[PDB]
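This document starts with one chain, in the form deposited in one PDB entry, laid out as structure tokens.
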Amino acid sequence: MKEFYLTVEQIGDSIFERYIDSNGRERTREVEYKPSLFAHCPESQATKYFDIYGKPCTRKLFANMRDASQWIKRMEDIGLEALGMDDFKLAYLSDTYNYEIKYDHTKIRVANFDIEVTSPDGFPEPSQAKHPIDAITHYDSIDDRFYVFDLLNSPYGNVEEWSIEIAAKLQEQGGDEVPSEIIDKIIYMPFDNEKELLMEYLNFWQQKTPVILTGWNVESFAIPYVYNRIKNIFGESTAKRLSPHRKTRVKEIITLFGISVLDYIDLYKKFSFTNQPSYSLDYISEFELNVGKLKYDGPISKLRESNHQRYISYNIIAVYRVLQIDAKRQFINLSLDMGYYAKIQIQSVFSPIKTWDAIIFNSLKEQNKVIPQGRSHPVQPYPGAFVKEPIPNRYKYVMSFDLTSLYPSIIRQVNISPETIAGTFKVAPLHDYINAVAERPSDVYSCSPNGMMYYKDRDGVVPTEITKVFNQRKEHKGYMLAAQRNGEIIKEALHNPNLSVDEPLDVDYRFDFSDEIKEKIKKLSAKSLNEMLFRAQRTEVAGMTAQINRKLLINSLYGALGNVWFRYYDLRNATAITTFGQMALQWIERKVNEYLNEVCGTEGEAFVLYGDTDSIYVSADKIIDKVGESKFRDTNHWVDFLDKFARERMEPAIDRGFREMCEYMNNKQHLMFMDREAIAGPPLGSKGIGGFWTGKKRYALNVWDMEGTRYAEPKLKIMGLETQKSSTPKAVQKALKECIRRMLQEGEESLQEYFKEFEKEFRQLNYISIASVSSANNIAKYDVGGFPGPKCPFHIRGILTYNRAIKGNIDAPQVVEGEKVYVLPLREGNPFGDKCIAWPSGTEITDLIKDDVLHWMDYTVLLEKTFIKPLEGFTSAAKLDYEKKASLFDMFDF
């Protein structure tokens, strides 16, 4: 196999690398890497090297990396650009591995681990690591085993060994229900004391040092803990054995040289794009697997004594959940994939600046071009996306259209790049350009409304670099589109397979099956066809990953581009992009309004009701009324109608218009393409209103079709309203949705009935479902002797009413800083001395105050403030009454 790297570090004048060699065994080597950098030279000096601007550069090969850095400092001290890749690990990686790297994930040691630390006095700070580590479950992907380290004796308890038979049993039998698919993979190791345990762990770690270290929150707790604990008990010298190169750096995040840490909690917050209200392994675990972490009774701090059997099983299942999630989401793989693509240390996968730099670097390197020295830049804010102010109201029929990959496309269309800047032009006001009344900026260069002018005669580095990715995206998606076709020509080729013992043919499922190997296949045994589709899958699976990676770079490029720490950052350019986009969305709004006014005979009617960055929402009321609502059989009939109107009437007008704008700004290439996204309206023959907007980023639509796919039942698309906020009490968060559903699909009368009913039934709801949820920060900065200080928030003042109601109690759950807290208003004259009273979330109020809380809680204020207030918000905008007998005059200002 072709060698590939595992980790790379720069220690002094040496590069330390862990890699898989020719035979496939893990190795480490120290290399006195000699980097090259470049300085500008005169035209005379012949040379193959040039900077992105064409100017000639001379290669300077150094004796070692320190001289390289030293030189970069003198160049700065003089005032002359020091060109070249300053991050030598990157250069070293680009040098040692210049060829697409094909990696064997079965040879990379990927470790997931979690520890347990019985602490009776509050969360155990990793920096103190003041308590014993009573358990460690460390799963190793290479051995595919769960190595468990159980501490038997601790200042907090001596316990029996953990039982595996018991762990295997069911809940009802007293077992811990550890899945049978890992039950034989566990390796238990109990110890007499923490020292014997840590030293054995430290040893195990040396015999199986991780390459990829993951787990839930390992970078913020597990690692810093184990590190500090070992450091405090044995020497710091010993705690360093945790690094294969014996080196560590304390940022409290311990960085271990020679290891890549992809905290799974961060890999989730990155590549899942599913903003969740909580990031606890339990919450996220239920979400992805419909099963959470093991359940136990009492407080964790007392679980090791009370039930050490469940304690150890809990630690094993915790590590196992993460593995399951990743078995689904595949993020570690995605990370490996992307890291080797750009030739960077896997952890850099988290950095777009770092990722793109390395990609553009290796590309320009292949052309003997040298990259610019990254200059320092003031962080200066510039304009961003355009968002229209919607007229608050109900909207019966709406169709939205989305510009595809807007920002990367604008980069390509205008050809925006640092080295393709060609000048500027007098900038007229942005509206003038939106209406084509401003003077054509230039008929020589490709322009942008902010005043920049780019060359059209050359391919900018950024544009070229982003286009390859777009192409590769298309390419791979192409491959795995065939892995599909070829999927059926093998899936049904097994429903009626002859009985001829043979072997699976040799075809490239990336490319559609030919006839020579299309029917020659639908006549093989059964032992082959079932393998025929094993290759069809693996292939397809491969496609998805590359295609997903490509999509992630494309969408992150602008991120890097707008960042002042990016090598190609340029305020002028960052602004060319966003302003251009700003013009695009409004110009096309102008066209859509014009086209629809003509094909409707109306005059100056505002069809586009809303736009946000790359989206426009068009009202279709008129288009529907042209055909007369009555002439439609069912709901599905008009949904079909609008779909066609869009595809054969609107989209062509759109392209035609965008096509005009391209010529107007003299752009290198027309890449502004729109897609019809949603189609919403109320159920035909119903009193439903279909949709409404209360303001920017705040709306709800009853959608029937999204990008072509027709739903069985309409799906509510709600953006920004309280139903989407986690601070809203469960019961309310679901009644508000029911209110919106009744409004869009059923109408005012339906809504009013639910409302009345909900009020009538509010007090019968469980006090936790109707409690607000909030996170407490600066909980101390606002209290003075247990009381609310100056500018003290509502949830925080609340916490202090809880504190001054349980002060002097250790069996009562404490409100820590950061974590979420339920909040509730109390009637005046309550024993707690204040308006609100919070307490930790996910828990029930301590029974020592509970009965009085359930008593004094101000249902009225609660209802009004969390339910009625926000609904009134929705109903006002939708011109609806959630209560019969309401006055029309209320909607007027004085």
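One rule holds for the numbers: they count along the sequence shown, beginning at 1. C-alpha atoms forming the largest set that superposes within 1.5 Å between two forms make up the rigid core.
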Could you tell me whether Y395 lacks coordinates in at least a third of the other compared entries whose models cover its neighbours on both sides? no
Find out whether the coordinates of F787 are absent in at least a third of the other compared PDB entries of the same protein. no
Answer with none, 1 to 3, 4 to 9, or 10 or more: how many deposited residues between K251 and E252 are not present in the coordinates. 4 to 9
Can you let me know which of the two, 128-136 or 763-771, has the higher average C-alpha B-factor in the entry? 763-771
714-722 versus 374-382: which one carries the higher mean Cα B factor per the record? 374-382
Residue with highest C-alpha B-factor in the PDB entry, from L256, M189, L557, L294: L294
In this crystal structure's PDB entry, the residue among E531, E757, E194, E748 with the greatest CA B factor is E531
Ranked C-alpha temperature factor of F867 among modelled chain residues, by third: middle
By its CA B factor, does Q669 count among the lowest, middle or highest third of the modelled residues in the chain? lowest
Compared with the other modelled residues in the chain, in which third is the CA B-factor of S14? middle
When the deposited Cα B-factors of this chain's modelled residues are ordered and cut into thirds, is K89 in the lowest, the middle or the highest one? middle
Select lowest, middle or highest to describe the third in which the CA B-factor of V444 falls within its chain in this entry. middle
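Note that the form deposited in another entry isn't included here; everything after this is about it.
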Moved residue between the shown form and the other one - picked from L684, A646, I768, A678, where its Cα shifts 2 angstroms or more relative to the rigid core: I768
Given a core-based superposition, decide whether the C-alpha of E219 shifts by 2 Å or more between the shown form and the other one. no
How about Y859 - superposed on the rigid core, does its CA move between the shown form and the other one by 2 Å or more? yes
Residue shift check between the shown form and the other one, rigid core fit, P729 Cα at least 2 Å: yes
